[PDB]
>>> print(open('protein_20.cif').read())   # mmCIF, C-alpha atoms and all ligand atoms
data_run
loop_
_atom_site.label_atom_id
_atom_site.label_comp_id
_atom_site.auth_asym_id
_atom_site.auth_seq_id
_atom_site.Cartn_x
_atom_site.Cartn_y
_atom_site.Cartn_z
CA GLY A 42 -7.82 -8.32 -7.68
CA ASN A 43 -7.45 -10.93 -4.91
CA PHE A 44 -10.78 -10.32 -3.13
CA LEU A 45 -12.30 -12.84 -0.75
CA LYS A 46 -15.74 -11.20 -0.67
CA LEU A 47 -17.38 -9.04 -3.33
CA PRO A 48 -20.75 -7.25 -2.98
CA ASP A 49 -23.64 -8.54 -5.10
CA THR A 50 -23.87 -5.38 -7.15
CA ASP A 51 -23.47 -4.32 -10.79
CA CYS A 52 -22.37 -0.70 -11.12
CA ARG A 53 -22.30 -1.05 -14.91
CA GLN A 54 -26.04 -1.68 -15.09
CA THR A 55 -27.10 0.97 -12.53
CA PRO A 56 -24.28 3.46 -11.81
CA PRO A 57 -24.64 4.60 -8.20
CA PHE A 58 -24.51 8.29 -7.44
CA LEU A 59 -22.89 7.82 -4.02
CA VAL A 60 -20.98 4.79 -2.71
CA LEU A 61 -20.19 4.67 1.03
CA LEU A 62 -17.19 2.58 2.10
CA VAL A 63 -17.39 2.04 5.86
CA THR A 64 -14.44 0.86 7.93
CA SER A 65 -14.99 -1.26 11.03
CA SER A 66 -13.23 -4.13 12.77
CA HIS A 67 -14.53 -7.71 12.80
CA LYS A 68 -16.07 -7.48 16.27
CA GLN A 69 -18.00 -4.25 15.54
CA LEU A 70 -21.13 -5.96 14.23
CA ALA A 71 -23.28 -3.60 16.33
CA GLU A 72 -21.79 -0.60 14.51
CA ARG A 73 -22.47 -2.14 11.11
CA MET A 74 -26.05 -3.04 12.02
CA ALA A 75 -26.73 0.46 13.36
CA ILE A 76 -25.36 1.94 10.11
CA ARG A 77 -27.37 -0.50 7.99
CA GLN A 78 -30.48 0.62 9.86
CA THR A 79 -29.70 4.36 9.65
CA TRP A 80 -27.60 6.43 7.22
CA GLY A 81 -26.29 3.30 5.47
CA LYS A 82 -29.70 2.06 4.30
CA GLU A 83 -29.57 1.94 0.53
CA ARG A 84 -32.18 4.07 -1.18
CA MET A 85 -32.79 6.76 -3.75
CA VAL A 86 -31.86 10.24 -2.52
CA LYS A 87 -33.45 12.88 -4.75
CA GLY A 88 -33.56 10.19 -7.42
CA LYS A 89 -29.87 9.28 -6.98
CA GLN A 90 -28.71 5.82 -5.98
CA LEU A 91 -26.91 5.35 -2.65
CA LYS A 92 -24.93 2.14 -2.12
CA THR A 93 -23.22 1.09 1.14
CA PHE A 94 -20.40 -1.41 1.61
CA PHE A 95 -18.32 -2.44 4.61
CA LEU A 96 -14.56 -2.91 4.32
CA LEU A 97 -13.05 -5.81 6.25
CA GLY A 98 -9.78 -7.64 6.37
CA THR A 99 -9.14 -11.00 7.99
CA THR A 100 -8.52 -12.03 11.59
CA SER A 101 -6.83 -14.90 13.36
CA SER A 102 -9.97 -15.60 15.40
CA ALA A 103 -11.91 -18.52 13.89
CA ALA A 104 -15.08 -17.36 15.64
CA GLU A 105 -14.90 -13.88 14.12
CA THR A 106 -14.10 -15.36 10.71
CA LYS A 107 -17.25 -17.50 10.86
CA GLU A 108 -19.36 -14.59 12.11
CA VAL A 109 -18.22 -12.43 9.20
CA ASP A 110 -18.73 -15.21 6.65
CA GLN A 111 -22.30 -15.54 7.93
CA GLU A 112 -22.76 -11.75 7.90
CA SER A 113 -21.53 -11.49 4.30
CA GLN A 114 -23.87 -14.29 3.22
CA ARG A 115 -26.80 -12.66 5.03
CA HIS A 116 -26.17 -9.09 3.77
CA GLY A 117 -23.88 -9.39 0.72
CA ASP A 118 -22.42 -5.92 1.29
CA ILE A 119 -18.90 -6.74 2.53
CA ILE A 120 -15.68 -6.07 0.62
CA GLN A 121 -12.88 -8.27 1.93
CA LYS A 122 -9.24 -9.06 1.17
CA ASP A 123 -6.70 -11.19 3.02
CA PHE A 124 -4.85 -8.76 5.25
CA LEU A 125 -4.65 -8.70 9.04
CA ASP A 126 -7.43 -6.25 10.03
CA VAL A 127 -5.72 -4.14 12.72
CA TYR A 128 -5.50 -0.38 13.31
CA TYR A 129 -2.03 -0.09 11.78
CA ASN A 130 -3.26 -1.78 8.61
CA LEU A 131 -5.99 0.81 7.95
CA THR A 132 -4.01 2.02 4.92
CA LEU A 133 -4.40 -1.43 3.32
CA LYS A 134 -8.10 -1.32 4.19
CA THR A 135 -8.57 2.06 2.55
CA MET A 136 -6.63 0.97 -0.51
CA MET A 137 -8.81 -2.14 -0.73
CA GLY A 138 -11.89 0.08 -0.89
CA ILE A 139 -10.28 2.30 -3.50
CA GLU A 140 -9.14 -0.74 -5.47
CA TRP A 141 -12.73 -1.99 -5.39
CA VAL A 142 -14.12 1.25 -6.80
CA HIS A 143 -11.48 1.07 -9.51
CA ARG A 144 -12.11 -2.52 -10.55
CA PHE A 145 -15.84 -3.04 -10.02
CA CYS A 146 -17.48 0.38 -9.79
CA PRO A 147 -15.66 3.10 -11.76
CA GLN A 148 -19.12 4.44 -12.70
CA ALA A 149 -19.75 5.77 -9.17
CA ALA A 150 -20.15 9.52 -9.40
CA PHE A 151 -18.94 9.97 -5.80
CA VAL A 152 -17.40 7.80 -3.08
CA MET A 153 -17.26 8.53 0.64
CA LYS A 154 -14.77 6.71 2.82
CA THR A 155 -16.04 6.85 6.40
CA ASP A 156 -15.56 5.40 9.85
CA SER A 157 -18.15 3.50 11.85
CA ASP A 158 -18.34 5.91 14.83
CA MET A 159 -20.04 8.45 12.59
CA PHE A 160 -23.28 10.16 11.77
CA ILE A 161 -23.57 10.84 8.03
CA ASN A 162 -26.28 13.05 6.54
CA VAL A 163 -26.48 11.61 3.02
CA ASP A 164 -29.40 13.82 1.97
CA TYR A 165 -27.57 17.08 2.67
CA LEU A 166 -24.30 15.67 1.24
CA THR A 167 -26.07 14.74 -2.01
CA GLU A 168 -27.63 18.23 -2.16
CA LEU A 169 -24.22 19.88 -1.72
CA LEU A 170 -22.55 17.55 -4.24
CA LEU A 171 -25.23 18.23 -6.88
CA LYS A 172 -24.74 21.93 -6.17
CA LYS A 173 -20.92 21.72 -6.48
CA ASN A 174 -20.89 21.10 -10.31
CA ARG A 175 -17.73 18.95 -9.92
CA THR A 176 -17.49 15.45 -11.40
CA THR A 177 -13.70 14.89 -11.77
CA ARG A 178 -10.54 15.23 -9.70
CA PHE A 179 -12.73 16.29 -6.75
CA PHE A 180 -11.79 15.63 -3.13
CA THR A 181 -13.31 17.16 0.00
CA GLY A 182 -13.89 16.64 3.71
CA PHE A 183 -12.44 18.26 6.80
CA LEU A 184 -9.23 19.73 5.39
CA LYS A 185 -6.10 19.33 7.56
CA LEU A 186 -3.60 21.59 5.83
CA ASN A 187 -0.59 22.31 8.09
CA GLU A 188 -0.39 19.13 10.14
CA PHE A 189 2.66 17.96 11.93
CA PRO A 190 3.38 14.28 12.50
CA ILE A 191 2.81 13.27 16.11
CA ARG A 192 6.12 12.36 17.76
CA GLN A 193 4.78 11.36 21.22
CA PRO A 194 5.96 7.72 21.15
CA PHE A 195 2.93 6.26 22.94
CA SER A 196 0.30 8.27 21.04
CA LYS A 197 -2.29 6.40 18.98
CA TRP A 198 -1.08 8.25 15.87
CA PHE A 199 2.66 8.34 16.64
CA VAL A 200 4.97 7.93 13.66
CA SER A 201 8.71 7.65 14.04
CA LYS A 202 11.11 9.63 11.89
CA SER A 203 11.89 6.44 9.96
CA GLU A 204 8.16 5.90 9.35
CA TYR A 205 7.70 9.51 8.21
CA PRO A 206 10.90 11.58 8.11
CA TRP A 207 9.68 15.10 7.21
CA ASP A 208 8.46 17.99 9.37
CA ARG A 209 4.92 18.35 7.92
CA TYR A 210 2.26 16.13 6.39
CA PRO A 211 0.90 16.87 2.93
CA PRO A 212 -2.56 18.41 2.77
CA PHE A 213 -5.12 15.73 3.58
CA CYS A 214 -8.66 15.28 4.89
CA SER A 215 -9.65 13.68 8.19
CA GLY A 216 -10.13 9.94 7.81
CA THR A 217 -13.32 10.16 9.87
CA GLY A 218 -15.06 10.79 6.52
CA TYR A 219 -13.94 12.17 3.14
CA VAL A 220 -15.58 12.31 -0.29
CA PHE A 221 -14.16 12.16 -3.82
CA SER A 222 -15.39 11.81 -7.39
CA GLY A 223 -15.21 8.24 -8.62
CA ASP A 224 -12.40 8.83 -11.13
CA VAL A 225 -10.10 9.77 -8.24
CA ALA A 226 -10.15 6.14 -7.08
CA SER A 227 -8.50 4.86 -10.25
CA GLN A 228 -5.89 7.59 -10.11
CA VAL A 229 -5.03 6.94 -6.48
CA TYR A 230 -4.85 3.21 -7.06
CA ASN A 231 -2.61 3.71 -10.07
CA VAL A 232 -0.18 5.93 -8.21
CA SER A 233 -0.33 4.29 -4.76
CA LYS A 234 2.54 1.82 -5.14
CA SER A 235 4.98 4.61 -6.02
CA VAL A 236 4.08 6.88 -3.06
CA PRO A 237 5.96 6.43 0.24
CA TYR A 238 3.89 4.20 2.51
CA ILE A 239 2.53 5.51 5.81
CA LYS A 240 0.33 3.61 8.25
CA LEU A 241 -2.13 6.51 8.64
CA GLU A 242 -4.60 6.03 5.79
CA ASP A 243 -5.90 9.60 5.44
CA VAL A 244 -2.32 10.90 5.32
CA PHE A 245 -1.39 8.27 2.74
CA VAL A 246 -4.29 9.25 0.50
CA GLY A 247 -3.18 12.88 0.90
CA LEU A 248 0.30 11.87 -0.33
CA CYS A 249 -1.29 10.18 -3.36
CA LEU A 250 -3.49 13.19 -4.14
CA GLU A 251 -0.42 15.43 -3.89
CA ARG A 252 1.44 13.22 -6.38
CA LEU A 253 -1.58 13.55 -8.69
CA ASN A 254 -1.81 17.37 -8.33
CA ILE A 255 -5.39 16.95 -7.05
CA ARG A 256 -6.21 19.95 -4.84
CA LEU A 257 -8.42 19.65 -1.79
CA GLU A 258 -11.48 21.90 -1.69
CA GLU A 259 -14.15 22.79 0.85
CA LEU A 260 -17.50 21.19 0.14
CA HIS A 261 -19.51 24.26 1.11
CA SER A 262 -19.16 27.80 2.37
CA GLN A 263 -20.09 26.56 5.85
CA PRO A 264 -18.21 23.74 7.60
CA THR A 265 -19.95 20.40 7.14
CA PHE A 266 -17.48 17.74 8.40
CA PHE A 267 -16.88 17.55 12.16
CA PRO A 268 -14.11 15.17 13.31
CA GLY A 269 -14.30 16.82 16.75
CA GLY A 270 -17.96 15.96 17.30
CA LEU A 271 -20.97 18.17 17.93
CA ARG A 272 -23.61 18.97 20.46
CA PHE A 273 -26.69 17.31 18.95
CA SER A 274 -29.78 19.12 17.70
CA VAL A 275 -32.18 18.20 14.93
CA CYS A 276 -31.75 21.56 13.22
CA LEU A 277 -27.94 21.41 13.30
CA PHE A 278 -27.77 17.81 12.11
CA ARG A 279 -30.03 18.61 9.17
CA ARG A 280 -27.33 20.95 7.81
CA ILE A 281 -24.10 18.95 8.32
CA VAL A 282 -22.58 16.05 6.40
CA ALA A 283 -20.55 14.10 8.96
CA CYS A 284 -20.09 14.05 12.71
CA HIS A 285 -17.57 11.93 14.64
CA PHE A 286 -17.65 10.42 18.17
CA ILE A 287 -21.04 8.68 17.73
CA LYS A 288 -21.51 5.22 19.23
CA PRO A 289 -24.18 2.82 17.89
CA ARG A 290 -26.90 3.51 20.47
CA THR A 291 -26.38 7.25 19.99
CA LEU A 292 -26.57 6.83 16.21
CA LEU A 293 -29.89 5.00 16.50
CA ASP A 294 -31.29 7.64 18.88
CA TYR A 295 -30.21 10.46 16.55
CA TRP A 296 -31.73 8.75 13.54
CA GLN A 297 -34.95 8.33 15.52
CA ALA A 298 -34.86 12.03 16.42
CA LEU A 299 -34.54 13.02 12.75
CA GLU A 300 -37.45 10.72 11.85
CA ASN A 301 -39.64 11.93 14.75
CA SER A 302 -39.11 15.54 13.68
CA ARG A 303 -39.32 15.16 9.90
CA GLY A 304 -41.77 17.75 8.66
CA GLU A 305 -41.04 20.45 11.20
CA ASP A 306 -39.32 23.60 10.06
CA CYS A 307 -36.07 24.82 11.52
CA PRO A 308 -35.01 28.42 12.30
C1 LIG B 401 -9.88 11.24 15.51
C2 LIG B 401 -8.94 12.10 14.70
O1 LIG B 401 -9.36 13.11 14.13
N1 LIG B 401 -7.68 11.65 14.64
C3 LIG B 401 -6.72 12.08 13.64
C4 LIG B 401 -5.58 12.87 14.27
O2 LIG B 401 -6.19 14.12 14.66
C5 LIG B 401 -5.40 14.87 15.61
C6 LIG B 401 -4.33 15.67 14.91
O3 LIG B 401 -4.89 16.53 13.95
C7 LIG B 401 -3.57 16.46 15.98
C8 LIG B 401 -2.51 17.34 15.39
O4 LIG B 401 -2.28 18.40 16.29
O5 LIG B 401 -4.47 17.34 16.76
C9 LIG B 401 -5.65 16.65 17.37
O6 LIG B 401 -5.33 15.83 18.50
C10 LIG B 401 -4.58 16.52 19.48
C11 LIG B 401 -3.38 15.63 19.88
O7 LIG B 401 -2.54 15.45 18.78
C12 LIG B 401 -3.98 14.29 20.37
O8 LIG B 401 -2.86 13.44 20.69
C13 LIG B 401 -4.91 14.47 21.52
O9 LIG B 401 -5.71 13.28 21.68
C14 LIG B 401 -5.48 12.25 22.64
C15 LIG B 401 -4.41 12.57 23.68
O10 LIG B 401 -3.15 12.74 23.05
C16 LIG B 401 -4.32 11.45 24.71
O11 LIG B 401 -3.45 11.83 25.76
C17 LIG B 401 -5.69 11.11 25.29
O12 LIG B 401 -5.58 9.97 26.09
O13 LIG B 401 -6.63 10.85 24.23
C18 LIG B 401 -6.81 11.96 23.34
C19 LIG B 401 -7.90 11.57 22.38
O14 LIG B 401 -7.74 10.22 21.96
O15 LIG B 401 -5.87 15.49 21.29
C20 LIG B 401 -5.42 16.75 20.73
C21 LIG B 401 -6.73 17.56 20.54
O16 LIG B 401 -7.76 16.74 20.08
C22 LIG B 401 -6.36 15.74 16.37
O17 LIG B 401 -7.29 14.89 17.07
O18 LIG B 401 -4.52 13.09 13.36
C23 LIG B 401 -3.95 11.89 12.89
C24 LIG B 401 -2.69 12.16 12.07
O19 LIG B 401 -1.68 12.75 12.88
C25 LIG B 401 -5.01 11.15 12.09
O20 LIG B 401 -5.47 11.99 11.06
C26 LIG B 401 -6.23 10.82 12.94
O21 LIG B 401 -7.33 10.40 12.14
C27 LIG B 401 -7.46 8.97 12.03
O22 LIG B 401 -6.34 8.40 11.35
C28 LIG B 401 -6.47 7.03 10.92
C29 LIG B 401 -5.13 6.64 10.22
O23 LIG B 401 -5.14 5.30 9.76
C30 LIG B 401 -7.72 6.85 10.05
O24 LIG B 401 -7.59 7.68 8.89
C31 LIG B 401 -8.94 7.25 10.86
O25 LIG B 401 -10.11 7.10 10.07
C32 LIG B 401 -8.79 8.72 11.29
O26 LIG B 401 -9.97 9.03 12.06
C1 LIG B 402 -23.55 25.26 -10.65
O1 LIG B 402 -24.27 25.61 -11.76
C2 LIG B 402 -25.58 26.05 -11.40
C3 LIG B 402 -26.33 26.21 -12.70
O2 LIG B 402 -25.79 27.22 -13.53
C4 LIG B 402 -25.64 26.82 -14.92
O3 LIG B 402 -24.70 25.79 -15.08
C5 LIG B 402 -23.37 26.06 -14.55
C6 LIG B 402 -22.50 24.85 -14.89
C7 LIG B 402 -22.79 27.39 -15.06
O4 LIG B 402 -22.30 27.23 -16.38
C8 LIG B 402 -23.86 28.52 -15.00
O5 LIG B 402 -23.35 29.66 -15.68
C9 LIG B 402 -25.18 28.07 -15.63
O6 LIG B 402 -26.15 29.10 -15.59
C10 LIG B 402 -25.48 27.34 -10.59
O7 LIG B 402 -26.71 27.67 -9.96
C11 LIG B 402 -27.37 28.67 -10.81
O8 LIG B 402 -27.20 30.08 -10.48
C12 LIG B 402 -28.27 30.89 -11.00
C13 LIG B 402 -27.80 32.33 -10.96
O9 LIG B 402 -26.78 32.49 -9.99
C14 LIG B 402 -29.51 30.67 -10.15
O10 LIG B 402 -30.72 31.08 -10.77
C15 LIG B 402 -29.63 29.19 -9.79
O11 LIG B 402 -28.99 29.01 -8.53
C16 LIG B 402 -28.92 28.31 -10.79
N1 LIG B 402 -29.47 28.48 -12.12
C17 LIG B 402 -29.55 27.49 -13.01
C18 LIG B 402 -29.97 27.88 -14.39
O12 LIG B 402 -29.39 26.32 -12.71
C19 LIG B 402 -24.49 27.22 -9.42
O13 LIG B 402 -24.14 28.52 -8.96
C20 LIG B 402 -23.22 26.52 -9.83
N2 LIG B 402 -22.47 26.12 -8.66
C21 LIG B 402 -21.16 26.33 -8.49
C22 LIG B 402 -20.55 25.74 -7.26
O14 LIG B 402 -20.50 27.03 -9.27
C1 LIG B 403 -1.05 -6.14 7.93
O1 LIG B 403 -1.51 -7.31 7.27
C2 LIG B 403 -0.46 -8.11 6.71
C3 LIG B 403 -1.12 -9.22 5.93
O2 LIG B 403 -1.93 -10.01 6.79
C4 LIG B 403 0.44 -8.62 7.83
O3 LIG B 403 1.52 -9.35 7.26
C5 LIG B 403 1.44 -10.75 7.64
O4 LIG B 403 1.66 -10.90 9.03
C6 LIG B 403 1.58 -12.25 9.51
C7 LIG B 403 1.73 -12.19 11.02
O5 LIG B 403 0.92 -11.16 11.58
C8 LIG B 403 2.66 -13.09 8.84
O6 LIG B 403 2.52 -14.45 9.24
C9 LIG B 403 2.55 -12.98 7.32
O7 LIG B 403 3.68 -13.62 6.72
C10 LIG B 403 2.50 -11.53 6.86
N1 LIG B 403 2.23 -11.47 5.43
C11 LIG B 403 2.55 -10.42 4.67
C12 LIG B 403 2.17 -10.52 3.22
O8 LIG B 403 3.11 -9.42 5.12
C13 LIG B 403 0.97 -7.45 8.64
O9 LIG B 403 1.66 -7.94 9.79
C14 LIG B 403 -0.15 -6.54 9.11
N2 LIG B 403 0.40 -5.36 9.76
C15 LIG B 403 0.34 -5.15 11.08
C16 LIG B 403 0.95 -3.86 11.57
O10 LIG B 403 -0.20 -5.95 11.84
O1 LIG B 404 -8.58 -2.97 13.45
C1 LIG B 404 -9.30 -1.99 13.20
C2 LIG B 404 -9.39 -0.80 13.99
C3 LIG B 404 -10.21 0.20 13.60
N1 LIG B 404 -10.98 0.12 12.46
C4 LIG B 404 -11.86 1.21 12.06
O2 LIG B 404 -11.05 2.32 11.70
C5 LIG B 404 -11.72 3.54 12.06
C6 LIG B 404 -10.84 4.33 13.00
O3 LIG B 404 -10.94 3.77 14.33
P1 LIG B 404 -10.95 4.69 15.62
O4 LIG B 404 -12.27 5.44 15.75
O5 LIG B 404 -10.53 3.84 16.76
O6 LIG B 404 -9.83 5.78 15.31
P2 LIG B 404 -9.73 7.26 15.86
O7 LIG B 404 -10.81 8.04 15.01
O8 LIG B 404 -9.87 7.32 17.37
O9 LIG B 404 -8.35 7.72 15.36
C7 LIG B 404 -13.05 3.13 12.69
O10 LIG B 404 -14.15 3.08 11.79
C8 LIG B 404 -12.76 1.71 13.18
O11 LIG B 404 -13.95 0.94 13.28
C9 LIG B 404 -10.93 -1.01 11.63
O12 LIG B 404 -11.59 -1.12 10.61
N2 LIG B 404 -10.09 -2.01 12.06
MN MN B 405 -12.93 7.45 15.34
#
>>> encode(input="protein_20.cif", output="structure tokens", more="lines below")
Ligand SMILES: CC(=O)N[C@H]1[C@H](O[C@H]2[C@@H](O)[C@@H](CO)O[C@H](O[C@@H]3[C@H](O)[C@@H](O)[C@H](O[C@H]4[C@H](O)[C@@H](O)[C@H](O)O[C@@H]4CO)O[C@@H]3CO)[C@@H]2O)O[C@H](CO)[C@H](O)[C@@H]1O[C@@H]1O[C@H](CO)[C@H](O)[C@H](O)[C@H]1O
Ligand SMILES: *[C@@H]1O[C@H](CO[C@@H]2O[C@@H](C)[C@@H](O)[C@@H](O)[C@@H]2O)[C@@H](O[C@@H]2O[C@H](CO)[C@@H](O)[C@H](O)[C@H]2NC(C)=O)[C@H](O)[C@H]1NC(C)=O
Ligand SMILES: *[C@@H]1O[C@H](CO)[C@@H](O[C@@H]2O[C@H](CO)[C@@H](O)[C@H](O)[C@H]2NC(C)=O)[C@H](O)[C@H]1NC(C)=O
Ligand SMILES: O=c1ccn([C@@H]2O[C@H](COP(=O)(O)OP(=O)(O)O)[C@@H](O)[C@H]2O)c(=O)[nH]1
Ligand SMILES: [Mn+2]
Amino acid sequence: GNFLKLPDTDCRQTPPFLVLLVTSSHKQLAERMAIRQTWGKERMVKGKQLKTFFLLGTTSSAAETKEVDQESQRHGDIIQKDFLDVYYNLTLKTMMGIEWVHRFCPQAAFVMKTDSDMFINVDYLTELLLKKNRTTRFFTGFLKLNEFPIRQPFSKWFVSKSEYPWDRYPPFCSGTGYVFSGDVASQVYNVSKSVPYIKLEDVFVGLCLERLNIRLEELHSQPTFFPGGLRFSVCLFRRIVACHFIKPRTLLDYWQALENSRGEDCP
């Protein structure tokens, strides 16, 4: 498939229950280490396997290239292809991850694409997924259903009319973190080259899902994905899946808080 780095894993032998694909730039080693030490640590969750991989492109910086080569060798959990790893190539990055699931891990029951400035509660997510009774054509997250493209020309998420010429975006889920059954990867990969390209990855996946007639659904009767962030508390964070706006030091402190308070009951 044209990959420069492949994780040392065999999904055929031991099909994972949940695969996390984490986006981060080359310089964000601190993010990746914090994740590896917290919600990214591979383990059995209620007897289900969790696997965690980091998606990277390439960079022009020789120093960063060497750093990442060393990191891959040391940890063996990086998925890499030869594309310039910049914000406006995130669509390529996401498609790389999806391509990977399709080629080397179609046995994954579920896949979460997530960002690195995130807190993820894998235990509660696994509980809600096992409760959902859905194993195919399943896609959930924070649903963004009547979105309009941002036309402010200097905005981080600006798209011109030539980049995206219609008044509304398809239904899609926030790219801060979304979850889908493993089969969905193959479908999206198959259809991706025939769907109009857009440089916003979560929107592009929404376009693919729309072409596939895959409907978005809420994971639970209460909201569980929070792209806007949250005021922290142990009891709240025990009953959410994903929270945005979390820098590495904060992630480590929050993980510590959950460990320090394990075994206490919550209202
Ligand atoms: C982080 C996030 O959720 N970003 C996604 C973005 O969300 C925004 C949209 O839904 C718009 C639509 O109304 O509302 C929200 O933001 C509005 C406004 O549009 C923003 O411009 C503004 O934020 C800026 C402000 O404009 C600046 O002046 C100021 O300096 O900074 C602030 C914050 O940076 O805020 C208001 C209220 O928050 C909402 O945040 O929607 C995008 C598509 O249009 C994307 O979905 C984007 O998500 C990221 O997209 C990339 C695409 O490659 C990846 O999927 C990332 O993983 C994903 O996080
Ligand atoms: C998911 O299913 C569970 C289990 O229910 C069984 O399997 C399902 C696929 C469906 O065919 C059910 O009719 C089966 O009974 C559901 O949780 C059950 O609900 C019962 C009664 O409401 C309750 O005692 C327990 O919660 C569960 N019982 C058993 C036998 O497991 C659950 O509601 C289903 N979830 C969704 C999202 O539909
Ligand atoms: C996304 O990545 C691609 C692949 O690296 C970039 O395309 C290359 O860009 C370099 C210069 O930046 C050229 O020398 C290559 O010829 C290009 N190759 C291909 C296959 O396109 C692309 O520029 C990146 N996108 C953005 C917005 O930076
Ligand atoms: O060149 C880049 C820029 C960003 N990102 C990742 O893409 C996600 C979105 O970045 P950011 O939080 O800046 O986007 P925002 O949520 O503010 O839209 C994050 O996990 C970044 O680490 C990446 O992999 N490569
Ligand atoms: Mn972010």
>>> closest_atom_pairs(input="protein_20.cif", of="chain A", to="ligand LIG 403 (chain B)", cutoff="7 Å", atoms="only C-alpha atoms and all ligand atoms", output="tab-separated table")
residue	atom	partner	partner_atom	distance
A:123	CA	B:LIG403	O2	6.2
A:124	CA	B:LIG403	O2	3.5
A:125	CA	B:LIG403	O2	3.8
A:126	CA	B:LIG403	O1	6.6
A:127	CA	B:LIG403	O10	5.9
A:129	CA	B:LIG403	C16	4.8
A:130	CA	B:LIG403	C1	4.9
>>> residues_around(input="protein_20.cif", residues="segment 256-260 of chain A", least_positions_apart="6", cutoff="7 Å", atoms="all atoms listed in the file", output="list in words")
residues 180, 181 and 182 of chain A
>>> residues_near_ligand(input="protein_20.cif", ligand="ligand LIG 401 (chain B)", cutoff="10 Å", atoms="all atoms listed in the file", output="PyMOL selection string")
chain A and resi 63-65+127-135+154-158+183+185-193+195-200+209-210+213-219+239-246+267-270+285-286
>>> closest_residue(input="protein_20.cif", among="A:168, A:105, A:49, A:294", to="ligand LIG 402 (chain B)", atoms="only C-alpha atoms and all ligand atoms")
A:168
>>> residues_near_point(input="protein_20.cif", point="(-10.3, 9.0, -9.9)", cutoff="9 Å", atoms="all atoms listed in the file", output="VMD selection string")
chain A and resid 143 147 177 to 179 221 to 230
>>> atom_distance(input="protein_20.cif", atom1="atom CA of residue 152 of chain A", atom2="atom CA of residue 93 of chain A")
9.8 Å
>>> closest_atom_pairs(input="protein_20.cif", of="chain A", to="ligand LIG 402 (chain B)", cutoff="12 Å", atoms="all atoms listed in the file", output="CSV")
residue,atom,partner,partner_atom,distance
A:168,CA,B:LIG402,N2,11.5
A:169,CA,B:LIG402,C22,8.9
A:170,CA,B:LIG402,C22,9.0
A:171,CA,B:LIG402,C1,8.2
A:172,CA,B:LIG402,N2,5.4
A:173,CA,B:LIG402,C22,4.1
A:174,CA,B:LIG402,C1,4.9
A:175,CA,B:LIG402,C22,7.8
A:176,CA,B:LIG402,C6,11.2
A:258,CA,B:LIG402,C22,11.3
A:259,CA,B:LIG402,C22,10.7
A:260,CA,B:LIG402,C22,9.2
A:261,CA,B:LIG402,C22,8.6
A:262,CA,B:LIG402,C22,9.9
>>> closest_residue(input="protein_20.cif", among="A:160, A:278, A:273, A:165", to="ligand MN 405 (chain B)", atoms="only C-alpha atoms and all ligand atoms")
A:160
>>> atom_distance(input="protein_20.cif", atom1="atom CA of residue 89 of chain A", atom2="atom CA of residue 58 of chain A")
5.5 Å
>>> closest_residue(input="protein_20.cif", among="A:281, A:220, A:61, A:159", to="ligand MN 405 (chain B)", atoms="all atoms listed in the file")
A:159
>>> closest_residue(input="protein_20.cif", among="A:290, A:145, A:283, A:115", to="ligand MN 405 (chain B)", atoms="all atoms listed in the file")
A:283
>>> closest_residue(input="protein_20.cif", among="A:307, A:299, A:284, A:153", to="ligand MN 405 (chain B)", atoms="all atoms listed in the file")
A:284
